[PDB]
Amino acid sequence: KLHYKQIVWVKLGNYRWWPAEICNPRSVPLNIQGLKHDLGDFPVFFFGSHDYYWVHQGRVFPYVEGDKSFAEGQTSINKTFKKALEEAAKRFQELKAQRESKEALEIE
């Protein structure tokens, strides 16, 4: 039952959700009003980043006190990302070291 001033979750992609507040389009700044958007979008204000964007109604769901479903989902993905960076940097060097080692063996 979406409405202006409501706190909501916005799907930014399949692996990214973000809390925001739905804006009345009559209330946002002129330069936000004039941003091209798809017919039937409404504006939200994203917390943390503090910027406005027009969004599809299909990508916006109510923020419900207590239900940390979206929040915990996001933080635990975001945490794993750190591990992912170190693993990839590690794998990248091993693979590079192998490539370099074979290359060295091909040069007299």
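Each residue number is its position in the shown sequence, starting from 1.
Trainee: Which has higher Cα B-factors on average according to the PDB entry: 51-59 or 71-79?
Mentor: Mean CA B-factor is higher for 71-79.
Trainee: Per the entry's values, where does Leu12 land by CA temperature factor relative to the rest of its chain, in the lowest, middle or highest third?
Mentor: Highest third, going by the recorded CA B-factors of the chain.
Trainee: Hey, what third does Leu35 fall into on Cα B-factor, ranked over its chain?
Mentor: It belongs to the highest third of the chain when residues are ordered by C-alpha B-factor.
Trainee: Can you tell me which third, lowest, middle or highest, the CA B-factor of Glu103 falls into for its chain?
Mentor: CA B-factor rank for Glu103: middle third.
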